[PDB]
Every structure is written in C-alpha cells, then in structure tokens.
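Below: run.cif (mmCIF, C-alpha atoms; chains and numbers go by the auth columns)
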data_coords
#
loop_
_atom_site.group_PDB
_atom_site.id
_atom_site.type_symbol
_atom_site.label_atom_id
_atom_site.label_comp_id
_atom_site.label_asym_id
_atom_site.label_seq_id
_atom_site.Cartn_x
_atom_site.Cartn_y
_atom_site.Cartn_z
_atom_site.B_iso_or_equiv
_atom_site.auth_seq_id
_atom_site.auth_asym_id
ATOM 1 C CA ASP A 1 115.968 74.559 111.060 0.00 1 I
ATOM 2 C CA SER A 2 115.432 77.148 108.445 0.00 2 I
ATOM 3 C CA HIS A 3 111.778 76.369 108.875 0.00 3 I
ATOM 4 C CA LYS A 4 112.225 77.506 112.532 0.00 4 I
ATOM 5 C CA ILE A 5 113.791 80.863 111.923 0.00 5 I
ATOM 6 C CA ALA A 6 111.148 81.607 109.364 0.00 6 I
ATOM 7 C CA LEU A 7 108.343 80.583 111.662 0.00 7 I
ATOM 8 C CA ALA A 8 109.732 82.849 114.362 0.00 8 I
ATOM 9 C CA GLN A 9 109.720 85.895 112.151 0.00 9 I
ATOM 10 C CA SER A 10 106.366 85.044 110.908 0.00 10 I
ATOM 11 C CA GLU A 11 105.060 84.865 114.521 0.00 11 I
ATOM 12 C CA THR A 12 106.729 88.172 115.052 0.00 12 I
ATOM 13 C CA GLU A 13 105.011 89.720 112.032 0.00 13 I
ATOM 14 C CA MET A 14 101.668 88.326 113.054 0.00 14 I
ATOM 15 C CA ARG A 15 102.046 89.604 116.605 0.00 15 I
ATOM 16 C CA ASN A 16 102.835 93.111 115.300 0.00 16 I
ATOM 17 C CA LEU A 17 100.107 92.957 112.775 0.00 17 I
ATOM 18 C CA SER A 18 97.551 92.156 115.513 0.00 18 I
ATOM 19 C CA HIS A 19 98.900 95.205 117.318 0.00 19 I
ATOM 20 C CA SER A 20 98.252 97.390 114.293 0.00 20 I
ATOM 21 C CA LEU A 21 94.777 95.933 113.748 0.00 21 I
ATOM 22 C CA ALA A 22 93.908 96.503 117.450 0.00 22 I
ATOM 23 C CA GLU A 23 94.895 100.155 117.225 0.00 23 I
ATOM 24 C CA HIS A 24 93.060 100.705 114.090 0.00 24 I
ATOM 25 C CA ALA A 25 89.964 99.476 115.982 0.00 25 I
ATOM 26 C CA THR A 26 90.726 101.660 118.908 0.00 26 I
ATOM 27 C CA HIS A 27 91.255 104.705 116.698 0.00 27 I
ATOM 28 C CA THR A 28 88.124 103.994 114.606 0.00 28 I
ATOM 29 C CA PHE A 29 85.779 103.649 117.580 0.00 29 I
ATOM 30 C CA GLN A 30 87.457 106.633 119.251 0.00 30 I
ATOM 31 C CA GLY A 31 86.725 108.618 116.151 0.00 31 I
ATOM 32 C CA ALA A 32 83.075 107.669 116.463 0.00 32 I
ATOM 33 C CA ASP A 33 82.995 108.289 120.174 0.00 33 I
ATOM 34 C CA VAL A 34 84.213 111.805 119.642 0.00 34 I
ATOM 35 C CA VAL A 35 81.490 112.451 117.087 0.00 35 I
ATOM 36 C CA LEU A 36 78.626 111.062 119.167 0.00 36 I
ATOM 37 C CA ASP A 37 79.995 113.252 121.890 0.00 37 I
ATOM 38 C CA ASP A 38 79.733 116.407 119.748 0.00 38 I
ATOM 39 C CA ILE A 39 76.114 115.308 119.532 0.00 39 I
ATOM 40 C CA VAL A 40 75.534 114.682 123.182 0.00 40 I
ATOM 41 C CA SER A 41 76.542 118.346 123.514 0.00 41 I
ATOM 42 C CA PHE A 42 74.554 119.869 120.761 0.00 42 I
ATOM 43 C CA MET A 43 71.310 118.146 122.085 0.00 43 I
ATOM 44 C CA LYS A 44 72.263 119.377 125.650 0.00 44 I
ATOM 45 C CA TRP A 45 71.852 122.946 124.640 0.00 45 I
ATOM 46 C CA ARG A 46 69.580 122.492 121.717 0.00 46 I
ATOM 47 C CA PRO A 47 67.351 120.028 122.939 0.00 47 I
ATOM 48 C CA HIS A 48 64.879 120.538 120.050 0.00 48 I
ATOM 49 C CA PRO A 49 66.652 121.574 116.767 0.00 49 I
ATOM 50 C CA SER A 50 64.764 122.139 113.512 0.00 50 I
ATOM 51 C CA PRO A 51 64.348 119.792 110.477 0.00 51 I
ATOM 52 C CA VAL A 52 67.632 121.331 109.379 0.00 52 I
ATOM 53 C CA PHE A 53 69.530 119.103 111.825 0.00 53 I
ATOM 54 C CA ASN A 54 68.551 116.105 109.743 0.00 54 I
ATOM 55 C CA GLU A 55 70.807 117.577 107.016 0.00 55 I
ATOM 56 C CA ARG A 56 73.501 118.234 109.578 0.00 56 I
ATOM 57 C CA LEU A 57 73.293 114.502 110.533 0.00 57 I
ATOM 58 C CA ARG A 58 73.353 113.458 106.940 0.00 58 I
ATOM 59 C CA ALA A 59 76.438 115.616 106.437 0.00 59 I
ATOM 60 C CA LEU A 60 78.099 114.238 109.494 0.00 60 I
ATOM 61 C CA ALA A 61 77.385 110.662 108.489 0.00 61 I
ATOM 62 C CA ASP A 62 78.697 111.070 104.921 0.00 62 I
ATOM 63 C CA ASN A 63 81.860 112.387 106.530 0.00 63 I
ATOM 64 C CA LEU A 64 82.507 109.547 108.871 0.00 64 I
ATOM 65 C CA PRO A 65 83.503 106.567 106.710 0.00 65 I
ATOM 66 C CA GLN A 66 83.000 104.230 109.665 0.00 66 I
ATOM 67 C CA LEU A 67 79.367 105.220 110.467 0.00 67 I
ATOM 68 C CA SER A 68 76.663 104.471 107.941 0.00 68 I
ATOM 69 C CA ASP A 69 74.067 106.685 109.560 0.00 69 I
ATOM 70 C CA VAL A 70 73.090 108.449 112.797 0.00 70 I
ATOM 71 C CA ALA A 71 69.889 108.937 114.639 0.00 71 I
ATOM 72 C CA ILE A 72 68.301 110.492 117.670 0.00 72 I
ATOM 73 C CA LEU A 73 65.702 108.965 119.977 0.00 73 I
ATOM 74 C CA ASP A 74 64.007 110.992 122.733 0.00 74 I
ATOM 75 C CA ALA A 75 63.542 110.129 126.179 0.00 75 I
ATOM 76 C CA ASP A 76 60.510 107.850 125.226 0.00 76 I
ATOM 77 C CA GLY A 77 62.473 105.947 122.630 0.00 77 I
ATOM 78 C CA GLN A 78 60.807 107.686 119.681 0.00 78 I
ATOM 79 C CA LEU A 79 62.984 108.430 116.696 0.00 79 I
ATOM 80 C CA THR A 80 63.084 112.195 116.267 0.00 80 I
ATOM 81 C CA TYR A 81 65.995 112.930 113.850 0.00 81 I
ATOM 82 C CA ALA A 82 68.163 110.972 111.436 0.00 82 I
ATOM 83 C CA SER A 83 70.668 111.226 108.598 0.00 83 I
ATOM 84 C CA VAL A 84 68.279 109.187 106.598 0.00 84 I
ATOM 85 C CA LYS A 85 65.242 110.324 104.731 0.00 85 I
ATOM 86 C CA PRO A 86 62.548 109.962 104.823 0.00 86 I
ATOM 87 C CA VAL A 87 62.976 109.871 108.581 0.00 87 I
ATOM 88 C CA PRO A 88 61.393 106.823 110.101 0.00 88 I
ATOM 89 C CA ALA A 89 59.933 108.396 113.240 0.00 89 I
ATOM 90 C CA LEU A 90 58.986 105.074 114.776 0.00 90 I
ATOM 91 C CA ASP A 91 58.977 103.922 118.364 0.00 91 I
ATOM 92 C CA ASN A 92 62.222 102.054 119.289 0.00 92 I
ATOM 93 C CA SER A 93 61.909 101.948 123.086 0.00 93 I
ATOM 94 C CA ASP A 94 62.041 98.217 122.794 0.00 94 I
ATOM 95 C CA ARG A 95 65.655 98.408 121.687 0.00 95 I
ATOM 96 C CA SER A 96 68.263 97.262 124.296 0.00 96 I
ATOM 97 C CA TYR A 97 70.648 100.086 123.798 0.00 97 I
ATOM 98 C CA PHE A 98 67.778 102.448 124.465 0.00 98 I
ATOM 99 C CA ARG A 99 66.787 100.588 127.561 0.00 99 I
ATOM 100 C CA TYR A 100 70.409 100.537 128.677 0.00 100 I
ATOM 101 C CA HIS A 101 70.982 104.271 128.466 0.00 101 I
ATOM 102 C CA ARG A 102 67.720 105.082 130.164 0.00 102 I
ATOM 103 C CA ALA A 103 68.736 102.925 133.072 0.00 103 I
ATOM 104 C CA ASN A 104 72.456 103.928 133.500 0.00 104 I
ATOM 105 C CA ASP A 105 74.047 107.361 133.792 0.00 105 I
ATOM 106 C CA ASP A 106 77.374 106.828 132.047 0.00 106 I
ATOM 107 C CA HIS A 107 79.391 107.948 129.053 0.00 107 I
ATOM 108 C CA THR A 108 80.425 104.683 127.411 0.00 108 I
ATOM 109 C CA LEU A 109 80.039 104.373 123.634 0.00 109 I
ATOM 110 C CA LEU A 110 77.803 101.260 123.856 0.00 110 I
ATOM 111 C CA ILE A 111 78.278 98.603 121.246 0.00 111 I
ATOM 112 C CA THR A 112 75.208 96.608 120.468 0.00 112 I
ATOM 113 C CA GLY A 113 74.559 93.874 117.895 0.00 113 I
ATOM 114 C CA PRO A 114 73.749 92.203 115.834 0.00 114 I
ATOM 115 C CA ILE A 115 70.356 93.840 115.198 0.00 115 I
ATOM 116 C CA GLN A 116 68.278 94.402 112.171 0.00 116 I
ATOM 117 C CA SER A 117 68.617 98.109 111.527 0.00 117 I
ATOM 118 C CA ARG A 118 65.320 99.971 111.910 0.00 118 I
ATOM 119 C CA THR A 119 66.545 102.428 109.227 0.00 119 I
ATOM 120 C CA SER A 120 68.007 100.219 106.575 0.00 120 I
ATOM 121 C CA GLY A 121 66.839 96.639 107.108 0.00 121 I
ATOM 122 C CA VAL A 122 70.514 95.392 107.102 0.00 122 I
ATOM 123 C CA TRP A 123 71.866 93.280 110.019 0.00 123 I
ATOM 124 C CA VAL A 124 74.453 95.455 111.662 0.00 124 I
ATOM 125 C CA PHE A 125 76.227 96.442 114.778 0.00 125 I
ATOM 126 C CA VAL A 126 75.623 99.795 116.272 0.00 126 I
ATOM 127 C CA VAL A 127 77.208 102.213 118.685 0.00 127 I
ATOM 128 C CA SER A 128 75.358 104.596 121.024 0.00 128 I
ATOM 129 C CA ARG A 129 75.486 107.312 123.715 0.00 129 I
ATOM 130 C CA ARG A 130 73.096 108.546 126.421 0.00 130 I
ATOM 131 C CA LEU A 131 71.565 112.074 125.785 0.00 131 I
ATOM 132 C CA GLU A 132 71.112 114.391 128.753 0.00 132 I
ATOM 133 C CA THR A 133 69.607 117.763 129.653 0.00 133 I
ATOM 134 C CA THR A 134 71.625 120.424 131.472 0.00 134 I
ATOM 135 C CA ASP A 135 70.331 118.860 134.747 0.00 135 I
ATOM 136 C CA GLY A 136 71.694 115.598 133.378 0.00 136 I
ATOM 137 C CA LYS A 137 68.489 113.634 133.577 0.00 137 I
ATOM 138 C CA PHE A 138 67.935 111.221 130.674 0.00 138 I
ATOM 139 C CA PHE A 139 66.925 112.836 127.382 0.00 139 I
ATOM 140 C CA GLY A 140 67.175 109.848 124.822 0.00 140 I
ATOM 141 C CA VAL A 141 69.895 108.446 122.726 0.00 141 I
ATOM 142 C CA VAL A 142 72.208 108.957 119.716 0.00 142 I
ATOM 143 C CA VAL A 143 72.877 105.700 117.899 0.00 143 I
ATOM 144 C CA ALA A 144 74.958 105.206 114.811 0.00 144 I
ATOM 145 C CA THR A 145 75.479 102.171 112.660 0.00 145 I
ATOM 146 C CA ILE A 146 78.987 100.840 112.381 0.00 146 I
ATOM 147 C CA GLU A 147 79.933 100.665 108.681 0.00 147 I
ATOM 148 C CA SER A 148 81.363 97.180 108.525 0.00 148 I
ATOM 149 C CA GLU A 149 82.738 97.732 104.963 0.00 149 I
ATOM 150 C CA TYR A 150 85.079 100.257 106.415 0.00 150 I
ATOM 151 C CA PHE A 151 86.832 97.476 108.312 0.00 151 I
ATOM 152 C CA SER A 152 86.780 94.783 105.663 0.00 152 I
ATOM 153 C CA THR A 153 88.236 97.223 103.151 0.00 153 I
ATOM 154 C CA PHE A 154 91.092 98.054 105.399 0.00 154 I
ATOM 155 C CA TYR A 155 91.489 94.350 106.133 0.00 155 I
ATOM 156 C CA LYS A 156 91.915 93.407 102.543 0.00 156 I
ATOM 157 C CA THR A 157 94.940 95.683 102.189 0.00 157 I
ATOM 158 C CA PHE A 158 97.087 93.016 103.850 0.00 158 I
ATOM 159 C CA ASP A 159 99.139 90.407 102.154 0.00 159 I
ATOM 160 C CA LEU A 160 98.521 87.208 104.082 0.00 160 I
ATOM 161 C CA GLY A 161 98.783 84.431 101.538 0.00 161 I
ATOM 162 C CA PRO A 162 95.862 82.372 100.438 0.00 162 I
ATOM 163 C CA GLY A 163 94.079 81.284 103.583 0.00 163 I
ATOM 164 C CA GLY A 164 94.828 84.690 105.163 0.00 164 I
ATOM 165 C CA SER A 165 92.111 85.933 107.493 0.00 165 I
ATOM 166 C CA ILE A 166 91.214 88.861 109.707 0.00 166 I
ATOM 167 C CA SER A 167 88.407 89.170 112.213 0.00 167 I
ATOM 168 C CA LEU A 168 86.964 91.773 114.429 0.00 168 I
ATOM 169 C CA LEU A 169 85.110 90.279 117.358 0.00 169 I
ATOM 170 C CA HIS A 170 83.358 91.373 120.470 0.00 170 I
ATOM 171 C CA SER A 171 85.026 90.407 123.662 0.00 171 I
ATOM 172 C CA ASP A 172 82.052 87.989 124.214 0.00 172 I
ATOM 173 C CA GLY A 173 82.433 86.069 120.998 0.00 173 I
ATOM 174 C CA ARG A 174 80.069 87.942 118.768 0.00 174 I
ATOM 175 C CA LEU A 175 81.609 88.352 115.333 0.00 175 I
ATOM 176 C CA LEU A 176 81.378 91.936 113.901 0.00 176 I
ATOM 177 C CA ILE A 177 83.291 91.390 110.771 0.00 177 I
ATOM 178 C CA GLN A 178 85.421 88.844 109.118 0.00 178 I
ATOM 179 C CA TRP A 179 87.693 89.058 106.106 0.00 179 I
ATOM 180 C CA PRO A 180 87.474 87.486 103.446 0.00 180 I
ATOM 181 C CA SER A 181 84.240 85.570 104.179 0.00 181 I
ATOM 182 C CA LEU A 182 82.310 88.799 105.017 0.00 182 I
ATOM 183 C CA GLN A 183 80.320 86.972 107.719 0.00 183 I
ATOM 184 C CA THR A 184 78.933 88.986 110.577 0.00 184 I
ATOM 185 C CA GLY A 185 76.549 88.556 113.548 0.00 185 I
ATOM 186 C CA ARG A 186 77.331 84.962 114.387 0.00 186 I
ATOM 187 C CA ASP A 187 78.267 83.772 117.817 0.00 187 I
ATOM 188 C CA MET A 188 81.782 82.416 117.986 0.00 188 I
ATOM 189 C CA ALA A 189 82.128 81.924 121.765 0.00 189 I
ATOM 190 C CA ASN A 190 82.897 78.158 121.344 0.00 190 I
ATOM 191 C CA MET A 191 86.153 78.970 119.639 0.00 191 I
ATOM 192 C CA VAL A 192 89.270 78.175 121.599 0.00 192 I
ATOM 193 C CA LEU A 193 90.031 81.891 121.406 0.00 193 I
ATOM 194 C CA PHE A 194 87.197 82.452 123.871 0.00 194 I
ATOM 195 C CA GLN A 195 87.177 79.167 125.810 0.00 195 I
ATOM 196 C CA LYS A 196 90.912 79.148 126.827 0.00 196 I
ATOM 197 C CA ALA A 197 93.137 81.771 125.204 0.00 197 I
ATOM 198 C CA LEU A 198 91.391 85.016 126.192 0.00 198 I
ATOM 199 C CA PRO A 199 90.749 83.812 129.759 0.00 199 I
ATOM 200 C CA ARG A 200 94.487 83.079 129.947 0.00 200 I
ATOM 201 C CA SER A 201 95.427 86.381 128.381 0.00 201 I
ATOM 202 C CA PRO A 202 94.683 89.164 126.258 0.00 202 I
ATOM 203 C CA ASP A 203 97.011 88.149 123.597 0.00 203 I
ATOM 204 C CA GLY A 204 98.134 86.371 121.609 0.00 204 I
ATOM 205 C CA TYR A 205 99.451 83.444 119.316 0.00 205 I
ATOM 206 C CA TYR A 206 98.766 79.740 118.543 0.00 206 I
ATOM 207 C CA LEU A 207 97.793 76.989 116.179 0.00 207 I
ATOM 208 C CA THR A 208 94.138 76.352 115.449 0.00 208 I
ATOM 209 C CA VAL A 209 91.474 75.438 112.921 0.00 209 I
ATOM 210 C CA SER A 210 89.581 78.110 111.008 0.00 210 I
ATOM 211 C CA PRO A 211 85.919 77.869 111.535 0.00 211 I
ATOM 212 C CA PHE A 212 85.429 79.592 108.187 0.00 212 I
ATOM 213 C CA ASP A 213 87.269 77.304 105.861 0.00 213 I
ATOM 214 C CA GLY A 214 88.399 74.375 107.955 0.00 214 I
ATOM 215 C CA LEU A 215 92.058 74.977 107.372 0.00 215 I
ATOM 216 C CA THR A 216 94.829 74.703 109.893 0.00 216 I
ATOM 217 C CA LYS A 217 96.540 77.990 110.667 0.00 217 I
ATOM 218 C CA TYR A 218 98.597 80.007 113.021 0.00 218 I
ATOM 219 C CA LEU A 219 96.490 82.741 114.628 0.00 219 I
ATOM 220 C CA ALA A 220 97.472 85.832 116.484 0.00 220 I
ATOM 221 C CA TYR A 221 94.891 87.721 118.553 0.00 221 I
ATOM 222 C CA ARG A 222 94.831 90.780 120.723 0.00 222 I
ATOM 223 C CA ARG A 223 92.244 92.558 122.943 0.00 223 I
ATOM 224 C CA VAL A 224 91.433 95.908 121.458 0.00 224 I
ATOM 225 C CA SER A 225 92.483 98.651 123.781 0.00 225 I
ATOM 226 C CA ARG A 226 89.663 100.731 125.351 0.00 226 I
ATOM 227 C CA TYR A 227 86.618 98.792 123.866 0.00 227 I
ATOM 228 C CA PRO A 228 85.358 95.202 124.476 0.00 228 I
ATOM 229 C CA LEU A 229 86.605 94.015 121.022 0.00 229 I
ATOM 230 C CA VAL A 230 89.259 91.479 119.956 0.00 230 I
ATOM 231 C CA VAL A 231 91.083 91.306 116.638 0.00 231 I
ATOM 232 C CA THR A 232 92.495 88.157 115.118 0.00 232 I
ATOM 233 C CA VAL A 233 94.898 87.560 112.142 0.00 233 I
ATOM 234 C CA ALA A 234 95.478 84.104 110.720 0.00 234 I
ATOM 235 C CA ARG A 235 97.362 82.392 107.884 0.00 235 I
ATOM 236 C CA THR A 236 97.746 78.818 106.671 0.00 236 I
ATOM 237 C CA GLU A 237 101.278 77.695 107.264 0.00 237 I
ATOM 238 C CA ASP A 238 102.177 76.065 103.914 0.00 238 I
ATOM 239 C CA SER A 239 102.985 72.375 102.872 0.00 239 I
ATOM 240 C CA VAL A 240 101.877 69.319 100.839 0.00 240 I
ATOM 241 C CA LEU A 241 99.212 68.082 100.515 0.00 241 I
ATOM 242 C CA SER A 242 98.964 65.940 98.761 0.00 242 I
ATOM 243 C CA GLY A 243 98.376 63.139 99.125 0.00 243 I
#
As structure tokens, what does this structure read like?
Amino acid sequence: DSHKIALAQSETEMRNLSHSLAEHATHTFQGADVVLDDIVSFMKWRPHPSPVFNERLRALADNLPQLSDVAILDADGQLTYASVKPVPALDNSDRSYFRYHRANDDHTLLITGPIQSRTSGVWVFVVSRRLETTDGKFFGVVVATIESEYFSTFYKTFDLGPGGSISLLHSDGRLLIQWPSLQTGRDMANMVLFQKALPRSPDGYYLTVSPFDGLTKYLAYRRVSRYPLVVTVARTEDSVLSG
C-alpha cells in the first residue's frame, strides 16, 4: 500500500514533532526557572529592596515572553513587590503554591493551576519558587504567570492540515493550553492518553477521538523532559465522507 508508506512517514513526522514540542516546553520552563532563580538570589541578599525593584520586575517580565508578570510574597503570604502597578499588596497566604513552599525546603519550579490570577483576573497557570534567607529558613515566594499566548503562537507555526491540533498538558491531565481551540484549565484526565497510554509509557502514538472537535485522528504524545508536562500533536487522517 501506498497508503501504508505514507502513514509510516507521517507517524515518523508526528513522533519527531512531539519531540520538538517537548523540548520547546523544557527550554521554555528552564528559561523561567533560571529567571526565578536570579530572584531567589537577589532576595537572599537583599531581603528588602526599595520601590525601585518593582521597575526591575516590570523590566524583567517585559523581557521574558513566556512570563506575563512576576511577584513577591513574604514569609506571611503578603504581596510585597510586583511587575504590575499599582501593586496589589494583598494577603495571598491562602494560595496553595504559597502553602507548598512554606512547608517544603526544595528548589523545584512549582507549576500550579488553573487559578484566577490575583493580579490580572485572568485564569492562568503559574510557576513559583521558595524564597530563603542566608540561614535558609523560609522567606516567601516568587511566582510568575505563564504566558499561555507564548505557546499557542509557537503552536500555530506548524502545518498540520485542517483538524491539526497541539496541546500542552500537565502530567495529571490538567490542560494548560490547546491549539487551535485556545481552551485552558479543564481537566482532561479521562482521556485515553491518561487512562492507558501514559501509564504504559511516556510516549507516544495512536488513533483516538479529539475531545475538542469530535474528529478521529492520529495522535502523538510525549512526556516533557524535566517538568510534569505532556505535549500532544494530532491530525485528522483524510478520507470521504461522504456519505
């Protein structure tokens, strides 16, 4: 079959494409990790900068295309600095990421979402790091909002036919972004991807039904190296229809 050779190369392109998408995720989060880390350090020996720092944060944010904004919370969960202004110095100690860093001494970029951003009102995912004093006791929290448009914009650069689709998901089924629908936040754990494929392995290729448009397509997926994320690429196969 001609149709067989062509399906095999298509599977090959999909499997590579998933590999590229996974790295892009890795590199993008890494980028962000590095920046939050500059901040862990500043805070460490500057543990009370002046209102100038808000400008520094605003500069920093406008320079990371993947982070919409950045903020600091002190050791009581109170927002002390931000790239936004005015600066909403509210109490956010209820927030899970805050609770998590206060309880655990570790350096993981934490990914949390979806939540309704206390700086912009938009439903977003967010990334965060524990602040520490030179003694390394808890000192609060840098959090930054993941700019989801950064991913969808990259995702649309790919020629996938009508029906083409890319998603970025959390290892646990939470959807961070999906192209072209633009959905985000929803819980996709019932997908086959999470019920059977990921438990069996960490990619990667099979036939399935899109939950976004109901179409049948081949899907390739791959765990994102170094963060609990998964990427998926899908395309309708092609036929006829109708009747």
Which polymer residues have any atom within 8 Å of an atom of range 134-147 of chain I, counting only C-alpha atoms, with same-chain residues fewer than 4 positions away left out, as a ChimeraX atom specification?
/I:36,39-40,44-45,65-77,98,101-102,105,124-130,151
Could you take the residues named above and write them with C-alpha atoms, as a PDB file, in the coordinates of the input?
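Below is the file that was written, again.pdb:
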ATOM      1  CA  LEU I  36      78.626 111.062 119.167  1.00  0.00           C
ATOM      2  CA  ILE I  39      76.114 115.308 119.532  1.00  0.00           C
ATOM      3  CA  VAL I  40      75.534 114.682 123.182  1.00  0.00           C
ATOM      4  CA  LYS I  44      72.263 119.377 125.650  1.00  0.00           C
ATOM      5  CA  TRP I  45      71.852 122.946 124.640  1.00  0.00           C
ATOM      6  CA  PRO I  65      83.503 106.567 106.710  1.00  0.00           C
ATOM      7  CA  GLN I  66      83.000 104.230 109.665  1.00  0.00           C
ATOM      8  CA  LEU I  67      79.367 105.220 110.467  1.00  0.00           C
ATOM      9  CA  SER I  68      76.663 104.471 107.941  1.00  0.00           C
ATOM     10  CA  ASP I  69      74.067 106.685 109.560  1.00  0.00           C
ATOM     11  CA  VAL I  70      73.090 108.449 112.797  1.00  0.00           C
ATOM     12  CA  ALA I  71      69.889 108.937 114.639  1.00  0.00           C
ATOM     13  CA  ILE I  72      68.301 110.492 117.670  1.00  0.00           C
ATOM     14  CA  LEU I  73      65.702 108.965 119.977  1.00  0.00           C
ATOM     15  CA  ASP I  74      64.007 110.992 122.733  1.00  0.00           C
ATOM     16  CA  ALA I  75      63.542 110.129 126.179  1.00  0.00           C
ATOM     17  CA  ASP I  76      60.510 107.850 125.226  1.00  0.00           C
ATOM     18  CA  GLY I  77      62.473 105.947 122.630  1.00  0.00           C
ATOM     19  CA  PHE I  98      67.778 102.448 124.465  1.00  0.00           C
ATOM     20  CA  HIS I 101      70.982 104.271 128.466  1.00  0.00           C
ATOM     21  CA  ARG I 102      67.720 105.082 130.164  1.00  0.00           C
ATOM     22  CA  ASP I 105      74.047 107.361 133.792  1.00  0.00           C
ATOM     23  CA  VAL I 124      74.453  95.455 111.662  1.00  0.00           C
ATOM     24  CA  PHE I 125      76.227  96.442 114.778  1.00  0.00           C
ATOM     25  CA  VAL I 126      75.623  99.795 116.272  1.00  0.00           C
ATOM     26  CA  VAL I 127      77.208 102.213 118.685  1.00  0.00           C
ATOM     27  CA  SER I 128      75.358 104.596 121.024  1.00  0.00           C
ATOM     28  CA  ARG I 129      75.486 107.312 123.715  1.00  0.00           C
ATOM     29  CA  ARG I 130      73.096 108.546 126.421  1.00  0.00           C
ATOM     30  CA  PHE I 151      86.832  97.476 108.312  1.00  0.00           C
TER      31      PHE I 151
END
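Near residue 208 in chain I, within 7 Å and counting all atoms listed in the file, sit residues 206, 210, 216, 217, 218 and 219 of chain I, not including residues fewer than 2 positions from it in the same chain.
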The PyMOL selection byres ((chain I and resi 236) around 9) applied to the shown file, residues as an MDAnalysis selection string
chainID I and resid 160:164 215:219 234:235 237:238
Per-axis box centre and lengths in Å around range 148-163 of chain I, 6 Å margin per side, axis-aligned, as JSON:
{"center_x": 90.3, "center_y": 90.8, "center_z": 104.5, "size_x": 29.8, "size_y": 31.0, "size_z": 20.1}
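Residues matched by the PyMOL selection byres ((chain I and resi 17-30) around 8) in this structure: residues 13, 14, 15, 16, 31, 32, 33, 34, 66, 220, 221, 222, 223, 224, 225, 226, 227, 230, 231, 232 and 233 of chain I.
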Could you save those same residues with C-alpha atoms as a PDB file, keeping the file's coordinate frame?
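Here's the written file out37.pdb:
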ATOM      1  CA  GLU I  13     105.011  89.720 112.032  1.00  0.00           C
ATOM      2  CA  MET I  14     101.668  88.326 113.054  1.00  0.00           C
ATOM      3  CA  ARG I  15     102.046  89.604 116.605  1.00  0.00           C
ATOM      4  CA  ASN I  16     102.835  93.111 115.300  1.00  0.00           C
ATOM      5  CA  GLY I  31      86.725 108.618 116.151  1.00  0.00           C
ATOM      6  CA  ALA I  32      83.075 107.669 116.463  1.00  0.00           C
ATOM      7  CA  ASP I  33      82.995 108.289 120.174  1.00  0.00           C
ATOM      8  CA  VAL I  34      84.213 111.805 119.642  1.00  0.00           C
ATOM      9  CA  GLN I  66      83.000 104.230 109.665  1.00  0.00           C
ATOM     10  CA  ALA I 220      97.472  85.832 116.484  1.00  0.00           C
ATOM     11  CA  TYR I 221      94.891  87.721 118.553  1.00  0.00           C
ATOM     12  CA  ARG I 222      94.831  90.780 120.723  1.00  0.00           C
ATOM     13  CA  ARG I 223      92.244  92.558 122.943  1.00  0.00           C
ATOM     14  CA  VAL I 224      91.433  95.908 121.458  1.00  0.00           C
ATOM     15  CA  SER I 225      92.483  98.651 123.781  1.00  0.00           C
ATOM     16  CA  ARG I 226      89.663 100.731 125.351  1.00  0.00           C
ATOM     17  CA  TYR I 227      86.618  98.792 123.866  1.00  0.00           C
ATOM     18  CA  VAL I 230      89.259  91.479 119.956  1.00  0.00           C
ATOM     19  CA  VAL I 231      91.083  91.306 116.638  1.00  0.00           C
ATOM     20  CA  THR I 232      92.495  88.157 115.118  1.00  0.00           C
ATOM     21  CA  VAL I 233      94.898  87.560 112.142  1.00  0.00           C
TER      22      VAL I 233
END
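Distance-wise, CA of residue 187 in chain I and CA of residue 93 in chain I end up 25.0 Å apart.
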Of the candidates I:242, I:148, I:2, I:10, which one gets nearest to residue 205 in chain I if we count all atoms listed in the file?
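Of I:242, I:148, I:2, I:10, the one nearest residue 205 in chain I is I:10, counting all atoms listed in the file.
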Show me the residues close to (82.9, 86.0, 103.7) - anything with an atom within 10 Å, counting all atoms listed in the file - and format the list as an NGL selection string.
:I and (152 or 165 or 177-184 or 212-213)
From the options I:94, I:60, I:241, I:157, which residue's atoms come nearest to residue 38 in chain I, counting only C-alpha atoms?
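Of I:94, I:60, I:241, I:157, the one nearest residue 38 in chain I, counting only C-alpha atoms, is I:60.
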Calculated over all atoms listed in the file, which of the candidates I:185, I:214, I:228, I:86 has the smallest distance to residue 198 in chain I?
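Using all atoms listed in the file, residue 198 in chain I sits closest to I:228.
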At what distance in Å, to one decimal, does CA of residue 153 in chain I lie from CA of residue 168 in chain I?
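Separation of CA of residue 168 in chain I and CA of residue 153 in chain I: 12.6 Å.
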Which is closer to residue 123 in chain I than all the others in I:5, I:229, I:176, I:197, using all atoms listed in the file?
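Distance minimum relative to residue 123 in chain I lands on I:176.
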